[PDB]
>>> print(open('data27.pdb').read())   # PDB, C-alpha atoms
ATOM      1  CA  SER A3982       7.339  -0.740  -0.577  1.00  0.00           C
ATOM      2  CA  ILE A3983       7.233   0.832  -4.082  1.00  0.00           C
ATOM      3  CA  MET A3984       5.085  -2.152  -5.065  1.00  0.00           C
ATOM      4  CA  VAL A3985       2.691  -1.328  -2.048  1.00  0.00           C
ATOM      5  CA  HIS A3986       2.329   2.100  -3.686  1.00  0.00           C
ATOM      6  CA  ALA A3987       1.983   0.635  -7.236  1.00  0.00           C
ATOM      7  CA  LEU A3988      -0.396  -2.367  -6.788  1.00  0.00           C
ATOM      8  CA  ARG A3989      -2.767  -0.322  -4.551  1.00  0.00           C
ATOM      9  CA  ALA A3990      -3.295   2.172  -7.397  1.00  0.00           C
ATOM     10  CA  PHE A3991      -4.543  -0.672  -9.680  1.00  0.00           C
ATOM     11  CA  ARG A3992      -6.328  -2.975  -7.119  1.00  0.00           C
ATOM     12  CA  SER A3993      -8.488  -0.053  -5.913  1.00  0.00           C
ATOM     13  CA  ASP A3994     -10.335   0.147  -9.324  1.00  0.00           C
ATOM     14  CA  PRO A3995     -10.220  -3.258 -11.171  1.00  0.00           C
ATOM     15  CA  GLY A3996     -12.626  -2.161 -13.954  1.00  0.00           C
ATOM     16  CA  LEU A3997     -10.297   0.412 -15.588  1.00  0.00           C
ATOM     17  CA  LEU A3998      -7.618  -2.105 -16.694  1.00  0.00           C
ATOM     18  CA  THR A3999      -9.587  -5.438 -16.873  1.00  0.00           C
ATOM     19  CA  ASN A4000     -12.389  -3.850 -18.932  1.00  0.00           C
ATOM     20  CA  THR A4001      -9.757  -2.337 -21.297  1.00  0.00           C
ATOM     21  CA  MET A4002      -8.147  -5.807 -21.445  1.00  0.00           C
ATOM     22  CA  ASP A4003     -11.425  -7.151 -22.961  1.00  0.00           C
ATOM     23  CA  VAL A4004      -9.653  -5.837 -26.171  1.00  0.00           C
ATOM     24  CA  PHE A4005      -9.233  -9.611 -26.893  1.00  0.00           C
ATOM     25  CA  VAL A4006     -12.328  -9.874 -29.131  1.00  0.00           C
ATOM     26  CA  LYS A4007      -9.712 -10.740 -31.886  1.00  0.00           C
ATOM     27  CA  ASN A4037     -12.734 -22.130 -25.669  1.00  0.00           C
ATOM     28  CA  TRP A4038     -11.558 -18.531 -25.903  1.00  0.00           C
ATOM     29  CA  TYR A4039      -8.066 -18.488 -24.405  1.00  0.00           C
ATOM     30  CA  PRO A4040      -9.098 -14.790 -23.839  1.00  0.00           C
ATOM     31  CA  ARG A4041     -12.062 -15.682 -21.527  1.00  0.00           C
ATOM     32  CA  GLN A4042     -10.221 -18.249 -19.375  1.00  0.00           C
ATOM     33  CA  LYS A4043      -7.096 -16.019 -18.854  1.00  0.00           C
ATOM     34  CA  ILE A4044      -9.217 -12.859 -18.252  1.00  0.00           C
ATOM     35  CA  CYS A4045     -11.167 -15.026 -15.735  1.00  0.00           C
ATOM     36  CA  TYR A4046      -7.794 -15.276 -13.885  1.00  0.00           C
ATOM     37  CA  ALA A4047      -6.877 -11.581 -14.509  1.00  0.00           C
ATOM     38  CA  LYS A4048     -10.164 -10.421 -12.868  1.00  0.00           C
ATOM     39  CA  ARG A4049      -9.283 -12.615  -9.826  1.00  0.00           C
ATOM     40  CA  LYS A4050      -5.636 -11.379  -9.554  1.00  0.00           C
ATOM     41  CA  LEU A4051      -6.600  -7.671  -9.959  1.00  0.00           C
ATOM     42  CA  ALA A4052      -9.075  -8.396  -7.153  1.00  0.00           C
ATOM     43  CA  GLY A4053      -7.726 -10.061  -3.981  1.00  0.00           C
ATOM     44  CA  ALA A4054      -6.221 -13.420  -5.124  1.00  0.00           C
ATOM     45  CA  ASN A4055      -2.929 -15.232  -4.278  1.00  0.00           C
ATOM     46  CA  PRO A4056       0.048 -15.538  -6.783  1.00  0.00           C
ATOM     47  CA  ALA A4057       0.875 -19.200  -6.023  1.00  0.00           C
ATOM     48  CA  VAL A4058      -2.884 -20.058  -6.307  1.00  0.00           C
ATOM     49  CA  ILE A4059      -3.007 -18.767  -9.950  1.00  0.00           C
ATOM     50  CA  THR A4060       0.122 -20.909 -10.633  1.00  0.00           C
ATOM     51  CA  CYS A4061      -1.636 -24.018  -9.212  1.00  0.00           C
ATOM     52  CA  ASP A4062      -4.772 -23.034 -11.174  1.00  0.00           C
ATOM     53  CA  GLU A4063      -2.724 -22.835 -14.422  1.00  0.00           C
ATOM     54  CA  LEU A4064      -1.129 -26.257 -13.775  1.00  0.00           C
ATOM     55  CA  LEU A4065      -4.679 -27.668 -13.198  1.00  0.00           C
ATOM     56  CA  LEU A4066      -5.778 -26.076 -16.560  1.00  0.00           C
ATOM     57  CA  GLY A4067      -4.915 -29.038 -18.867  1.00  0.00           C
ATOM     58  CA  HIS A4068      -1.149 -29.116 -18.023  1.00  0.00           C
ATOM     59  CA  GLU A4069      -1.956 -31.987 -15.532  1.00  0.00           C
ATOM     60  CA  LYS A4070      -0.927 -34.300 -18.400  1.00  0.00           C
ATOM     61  CA  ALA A4071       2.822 -33.788 -17.652  1.00  0.00           C
ATOM     62  CA  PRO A4072       3.919 -36.300 -14.916  1.00  0.00           C
ATOM     63  CA  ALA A4073       5.546 -33.808 -12.508  1.00  0.00           C
ATOM     64  CA  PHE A4074       2.282 -31.694 -12.179  1.00  0.00           C
ATOM     65  CA  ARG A4075       1.811 -33.205  -8.642  1.00  0.00           C
ATOM     66  CA  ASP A4076       5.306 -31.873  -7.828  1.00  0.00           C
ATOM     67  CA  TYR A4077       4.995 -28.556  -9.758  1.00  0.00           C
ATOM     68  CA  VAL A4078       2.033 -27.733  -7.455  1.00  0.00           C
ATOM     69  CA  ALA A4079       4.153 -28.823  -4.406  1.00  0.00           C
ATOM     70  CA  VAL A4080       6.830 -26.313  -5.589  1.00  0.00           C
ATOM     71  CA  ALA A4081       4.155 -23.600  -6.223  1.00  0.00           C
ATOM     72  CA  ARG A4082       2.252 -24.201  -2.876  1.00  0.00           C
ATOM     73  CA  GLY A4083       5.601 -24.395  -1.026  1.00  0.00           C
ATOM     74  CA  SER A4084       6.106 -25.732   2.536  1.00  0.00           C
ATOM     75  CA  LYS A4085       3.701 -24.544   5.329  1.00  0.00           C
ATOM     76  CA  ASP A4086       6.659 -24.906   7.765  1.00  0.00           C
ATOM     77  CA  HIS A4087       8.862 -22.142   6.213  1.00  0.00           C
ATOM     78  CA  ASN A4088       7.310 -20.498   3.056  1.00  0.00           C
ATOM     79  CA  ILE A4089       5.327 -17.312   3.910  1.00  0.00           C
ATOM     80  CA  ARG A4090       2.784 -17.780   1.033  1.00  0.00           C
ATOM     81  CA  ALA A4091       1.517 -21.103   2.299  1.00  0.00           C
ATOM     82  CA  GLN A4092      -0.428 -20.010   5.431  1.00  0.00           C
ATOM     83  CA  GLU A4093      -2.609 -17.408   3.591  1.00  0.00           C
ATOM     84  CA  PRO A4094      -6.155 -17.916   2.179  1.00  0.00           C
ATOM     85  CA  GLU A4095      -6.604 -18.023  -1.622  1.00  0.00           C
ATOM     86  CA  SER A4096      -8.646 -14.791  -1.962  1.00  0.00           C
ATOM     87  CA  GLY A4097      -9.610 -11.433  -0.309  1.00  0.00           C
ATOM     88  CA  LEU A4098      -5.913 -10.482   0.199  1.00  0.00           C
ATOM     89  CA  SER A4099      -4.929  -6.915   1.203  1.00  0.00           C
ATOM     90  CA  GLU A4100      -2.160  -5.123  -0.765  1.00  0.00           C
ATOM     91  CA  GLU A4101       0.299  -6.186   1.988  1.00  0.00           C
ATOM     92  CA  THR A4102      -0.638  -9.929   1.969  1.00  0.00           C
ATOM     93  CA  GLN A4103      -0.794  -9.881  -1.853  1.00  0.00           C
ATOM     94  CA  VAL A4104       2.775  -8.544  -2.302  1.00  0.00           C
ATOM     95  CA  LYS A4105       4.280 -10.237   0.848  1.00  0.00           C
ATOM     96  CA  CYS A4106       3.384 -13.575  -0.727  1.00  0.00           C
ATOM     97  CA  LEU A4107       4.291 -12.495  -4.300  1.00  0.00           C
ATOM     98  CA  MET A4108       7.849 -11.923  -2.967  1.00  0.00           C
ATOM     99  CA  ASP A4109       8.037 -15.535  -1.602  1.00  0.00           C
ATOM    100  CA  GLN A4110       6.672 -17.176  -4.786  1.00  0.00           C
ATOM    101  CA  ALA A4111       9.335 -15.268  -6.862  1.00  0.00           C
ATOM    102  CA  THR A4112      12.395 -15.517  -4.506  1.00  0.00           C
ATOM    103  CA  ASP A4113      12.070 -19.270  -3.685  1.00  0.00           C
ATOM    104  CA  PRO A4114      15.556 -20.947  -3.856  1.00  0.00           C
ATOM    105  CA  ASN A4115      13.715 -24.291  -4.365  1.00  0.00           C
ATOM    106  CA  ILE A4116      12.159 -22.930  -7.602  1.00  0.00           C
ATOM    107  CA  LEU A4117      15.419 -21.288  -8.718  1.00  0.00           C
ATOM    108  CA  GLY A4118      17.460 -24.425  -7.877  1.00  0.00           C
ATOM    109  CA  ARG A4119      15.397 -26.305 -10.580  1.00  0.00           C
ATOM    110  CA  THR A4120      14.855 -24.162 -13.743  1.00  0.00           C
ATOM    111  CA  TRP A4121      15.795 -23.176 -17.355  1.00  0.00           C
ATOM    112  CA  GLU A4122      19.363 -22.248 -18.419  1.00  0.00           C
ATOM    113  CA  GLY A4123      19.802 -19.388 -20.973  1.00  0.00           C
ATOM    114  CA  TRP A4124      17.252 -17.837 -18.687  1.00  0.00           C
ATOM    115  CA  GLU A4125      19.434 -17.346 -15.642  1.00  0.00           C
ATOM    116  CA  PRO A4126      18.900 -17.351 -11.842  1.00  0.00           C
ATOM    117  CA  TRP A4127      22.637 -16.659 -11.179  1.00  0.00           C
ATOM    118  CA  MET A4128      22.996 -14.018 -14.041  1.00  0.00           C
TER     119      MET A4128
END
>>> encode(input="data27.pdb", output="structure tokens")
Amino acid sequence: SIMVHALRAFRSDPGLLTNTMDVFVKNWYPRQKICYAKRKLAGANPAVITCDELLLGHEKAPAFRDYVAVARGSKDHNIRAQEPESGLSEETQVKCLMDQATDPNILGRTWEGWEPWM
């Protein structure tokens, strides 16, 4: 619920931060990642951006088909998977962003050193 109160304060006015984040005048990896930032500050889904990243050239690694099937989850029992891609309220946005972070089927296949068990 603290994230309800936090993300609402940003999502309400997407210009203020995204327009500042055009500081990357320094394709342009800036344009194509800010293209995603403008979507995710607006109503867009967290797993969708992960699929969208994996589609963005990383489709050369063989498990990309499966990486998307981990990101998209199972429509039977993952609470992200039933939602649309875009137009999400602060509730739907964060409700799903929980699921895509807490997934035991992500955590059960991931980097050591970095640490799901701590």
>>> closest_residue(input="data27.pdb", among="A:4113, A:3998, A:4054, A:4065", to="residue 4087 of chain A", atoms="only C-alpha atoms")
A:4113
>>> residues_near_point(input="data27.pdb", point="(-5.4, -9.6, -18.7)", cutoff="12 Å", atoms="only C-alpha atoms", output="VMD selection string")
chain A and resid 3995 to 4005 4039 to 4051
>>> residues_around(input="data27.pdb", residues="residue 4091 of chain A", least_positions_apart="2", cutoff="12 Å", atoms="all atoms listed in the file", output="list in words")
residues 4055, 4056, 4057, 4058, 4078, 4079, 4080, 4081, 4082, 4083, 4084, 4085, 4086, 4087, 4088, 4089, 4093, 4094, 4095, 4102, 4105, 4106, 4107, 4109 and 4110 of chain A
>>> atom_distance(input="data27.pdb", atom1="atom CA of residue 4123 of chain A", atom2="atom CA of residue 4075 of chain A")
25.8 Å
>>> closest_residue(input="data27.pdb", among="A:4077, A:4115, A:4037, A:4124", to="residue 4064 of chain A", atoms="only C-alpha atoms")
A:4077
>>> closest_residue(input="data27.pdb", among="A:4073, A:4104, A:4116, A:4098", to="residue 3984 of chain A", atoms="all atoms listed in the file")
A:4104
>>> residues_around(input="data27.pdb", residues="residue 4100 of chain A", least_positions_apart="2", cutoff="10 Å", atoms="all atoms listed in the file", output="PDB file with C-alpha atoms, in the frame of the given file")
ATOM      1  CA  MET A3984       5.085  -2.152  -5.065  1.00  0.00           C
ATOM      2  CA  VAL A3985       2.691  -1.328  -2.048  1.00  0.00           C
ATOM      3  CA  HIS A3986       2.329   2.100  -3.686  1.00  0.00           C
ATOM      4  CA  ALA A3987       1.983   0.635  -7.236  1.00  0.00           C
ATOM      5  CA  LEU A3988      -0.396  -2.367  -6.788  1.00  0.00           C
ATOM      6  CA  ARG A3989      -2.767  -0.322  -4.551  1.00  0.00           C
ATOM      7  CA  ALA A3990      -3.295   2.172  -7.397  1.00  0.00           C
ATOM      8  CA  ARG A3992      -6.328  -2.975  -7.119  1.00  0.00           C
ATOM      9  CA  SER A3993      -8.488  -0.053  -5.913  1.00  0.00           C
ATOM     10  CA  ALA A4052      -9.075  -8.396  -7.153  1.00  0.00           C
ATOM     11  CA  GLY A4053      -7.726 -10.061  -3.981  1.00  0.00           C
ATOM     12  CA  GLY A4097      -9.610 -11.433  -0.309  1.00  0.00           C
ATOM     13  CA  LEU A4098      -5.913 -10.482   0.199  1.00  0.00           C
ATOM     14  CA  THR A4102      -0.638  -9.929   1.969  1.00  0.00           C
ATOM     15  CA  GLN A4103      -0.794  -9.881  -1.853  1.00  0.00           C
ATOM     16  CA  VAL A4104       2.775  -8.544  -2.302  1.00  0.00           C
ATOM     17  CA  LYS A4105       4.280 -10.237   0.848  1.00  0.00           C
TER      18      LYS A4105
END
>>> axis_aligned_box(input="data27.pdb", around="segment 4119-4123 of chain A", padding_each_side="4 Å", output="AutoDock Vina command-line options")
--center_x 17.3 --center_y -22.8 --center_z -15.8 --size_x 12.9 --size_y 14.9 --size_z 18.4
>>> atom_distance(input="data27.pdb", atom1="atom CA of residue 4090 of chain A", atom2="atom CA of residue 4122 of chain A")
25.9 Å
>>> decode(input="data27.pdb", residues="segment 4087-4119 of chain A", atoms="N, CA, C and O atoms", output="tab-separated table (two decimals), in the first residue's frame")
chain	number	residue	atom	x	y	z
A	4087	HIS	N	-2.78	-19.47	-12.88
A	4087	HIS	CA	-2.41	-19.21	-11.48
A	4087	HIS	C	-1.36	-18.10	-11.26
A	4087	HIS	O	-0.74	-18.05	-10.20
A	4088	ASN	N	-1.08	-17.25	-12.25
A	4088	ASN	CA	-0.26	-16.03	-12.10
A	4088	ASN	C	-1.11	-14.79	-12.38
A	4088	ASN	O	-1.64	-14.64	-13.48
A	4089	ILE	N	-1.25	-13.91	-11.40
A	4089	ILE	CA	-2.22	-12.80	-11.41
A	4089	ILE	C	-1.86	-11.64	-12.36
A	4089	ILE	O	-2.68	-10.74	-12.56
A	4090	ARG	N	-0.67	-11.64	-12.97
A	4090	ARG	CA	-0.33	-10.74	-14.08
A	4090	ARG	C	-1.04	-11.11	-15.38
A	4090	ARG	O	-1.31	-10.24	-16.21
A	4091	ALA	N	-1.27	-12.39	-15.61
A	4091	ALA	CA	-1.40	-12.94	-16.96
A	4091	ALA	C	-2.76	-12.63	-17.59
A	4091	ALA	O	-2.90	-12.63	-18.82
A	4092	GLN	N	-3.78	-12.36	-16.77
A	4092	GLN	CA	-5.14	-12.05	-17.21
A	4092	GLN	C	-5.32	-10.57	-17.61
A	4092	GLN	O	-6.30	-10.24	-18.26
A	4093	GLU	N	-4.41	-9.68	-17.22
A	4093	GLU	CA	-4.58	-8.24	-17.47
A	4093	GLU	C	-4.24	-7.84	-18.92
A	4093	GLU	O	-3.41	-8.48	-19.57
A	4094	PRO	N	-4.84	-6.75	-19.45
A	4094	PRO	CA	-4.38	-6.13	-20.69
A	4094	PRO	C	-2.94	-5.60	-20.56
A	4094	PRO	O	-2.38	-5.52	-19.47
A	4095	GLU	N	-2.34	-5.21	-21.67
A	4095	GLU	CA	-0.98	-4.69	-21.71
A	4095	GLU	C	-0.85	-3.26	-21.16
A	4095	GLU	O	0.19	-2.89	-20.61
A	4096	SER	N	-1.90	-2.45	-21.33
A	4096	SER	CA	-1.86	-0.98	-21.22
A	4096	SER	C	-3.14	-0.41	-20.59
A	4096	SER	O	-4.16	-1.09	-20.50
A	4097	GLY	N	-3.10	0.85	-20.15
A	4097	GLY	CA	-4.25	1.54	-19.53
A	4097	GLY	C	-4.50	1.17	-18.05
A	4097	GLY	O	-5.55	1.48	-17.50
A	4098	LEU	N	-3.54	0.51	-17.42
A	4098	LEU	CA	-3.63	-0.03	-16.06
A	4098	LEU	C	-3.74	1.09	-15.01
A	4098	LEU	O	-2.96	2.04	-15.00
A	4099	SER	N	-4.70	0.95	-14.09
A	4099	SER	CA	-4.80	1.76	-12.87
A	4099	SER	C	-3.63	1.47	-11.93
A	4099	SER	O	-3.02	0.40	-12.01
A	4100	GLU	N	-3.36	2.37	-10.99
A	4100	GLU	CA	-2.32	2.18	-9.97
A	4100	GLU	C	-2.45	0.83	-9.25
A	4100	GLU	O	-1.44	0.17	-9.01
A	4101	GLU	N	-3.67	0.39	-8.93
A	4101	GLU	CA	-3.89	-0.94	-8.36
A	4101	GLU	C	-3.40	-2.01	-9.32
A	4101	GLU	O	-2.45	-2.70	-8.98
A	4102	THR	N	-3.97	-2.14	-10.51
A	4102	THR	CA	-3.59	-3.21	-11.46
A	4102	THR	C	-2.09	-3.22	-11.76
A	4102	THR	O	-1.42	-4.25	-11.66
A	4103	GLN	N	-1.52	-2.04	-11.99
A	4103	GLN	CA	-0.10	-1.80	-12.17
A	4103	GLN	C	0.75	-2.48	-11.09
A	4103	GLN	O	1.63	-3.28	-11.42
A	4104	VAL	N	0.50	-2.18	-9.82
A	4104	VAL	CA	1.30	-2.68	-8.71
A	4104	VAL	C	0.94	-4.13	-8.36
A	4104	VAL	O	1.84	-4.93	-8.13
A	4105	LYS	N	-0.34	-4.50	-8.40
A	4105	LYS	CA	-0.85	-5.87	-8.15
A	4105	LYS	C	-0.10	-6.89	-9.00
A	4105	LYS	O	0.35	-7.93	-8.52
A	4106	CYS	N	0.08	-6.56	-10.27
A	4106	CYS	CA	0.84	-7.34	-11.22
A	4106	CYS	C	2.35	-7.25	-10.98
A	4106	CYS	O	3.04	-8.26	-11.02
A	4107	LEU	N	2.87	-6.06	-10.70
A	4107	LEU	CA	4.29	-5.85	-10.43
A	4107	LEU	C	4.77	-6.65	-9.21
A	4107	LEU	O	5.91	-7.11	-9.22
A	4108	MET	N	3.91	-6.90	-8.22
A	4108	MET	CA	4.16	-7.89	-7.17
A	4108	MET	C	4.41	-9.25	-7.82
A	4108	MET	O	5.52	-9.75	-7.75
A	4109	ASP	N	3.43	-9.83	-8.52
A	4109	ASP	CA	3.53	-11.17	-9.13
A	4109	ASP	C	4.80	-11.36	-9.97
A	4109	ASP	O	5.57	-12.29	-9.76
A	4110	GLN	N	5.09	-10.43	-10.88
A	4110	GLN	CA	6.28	-10.56	-11.72
A	4110	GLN	C	7.62	-10.48	-10.93
A	4110	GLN	O	8.64	-10.93	-11.42
A	4111	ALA	N	7.63	-9.93	-9.71
A	4111	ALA	CA	8.80	-9.95	-8.84
A	4111	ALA	C	8.86	-11.17	-7.91
A	4111	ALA	O	9.93	-11.72	-7.70
A	4112	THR	N	7.73	-11.60	-7.34
A	4112	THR	CA	7.68	-12.67	-6.32
A	4112	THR	C	7.60	-14.09	-6.88
A	4112	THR	O	7.48	-15.03	-6.12
A	4113	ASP	N	7.63	-14.27	-8.20
A	4113	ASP	CA	7.41	-15.57	-8.84
A	4113	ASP	C	8.45	-16.63	-8.42
A	4113	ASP	O	9.63	-16.53	-8.79
A	4114	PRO	N	8.07	-17.71	-7.70
A	4114	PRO	CA	9.00	-18.76	-7.32
A	4114	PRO	C	9.57	-19.49	-8.54
A	4114	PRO	O	10.66	-20.04	-8.46
A	4115	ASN	N	8.90	-19.46	-9.69
A	4115	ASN	CA	9.38	-20.05	-10.93
A	4115	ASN	C	10.33	-19.14	-11.73
A	4115	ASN	O	11.01	-19.63	-12.62
A	4116	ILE	N	10.46	-17.85	-11.39
A	4116	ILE	CA	11.65	-17.06	-11.75
A	4116	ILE	C	12.77	-17.40	-10.77
A	4116	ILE	O	13.86	-17.78	-11.16
A	4117	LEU	N	12.50	-17.25	-9.47
A	4117	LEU	CA	13.52	-17.31	-8.43
A	4117	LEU	C	14.20	-18.69	-8.39
A	4117	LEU	O	15.42	-18.79	-8.29
A	4118	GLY	N	13.43	-19.75	-8.62
A	4118	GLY	CA	13.92	-21.11	-8.78
A	4118	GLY	C	14.80	-21.36	-10.00
A	4118	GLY	O	15.29	-22.47	-10.15
A	4119	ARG	N	15.08	-20.36	-10.85
A	4119	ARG	CA	16.04	-20.45	-11.97
A	4119	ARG	C	16.78	-19.12	-12.22
A	4119	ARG	O	16.40	-18.36	-13.10
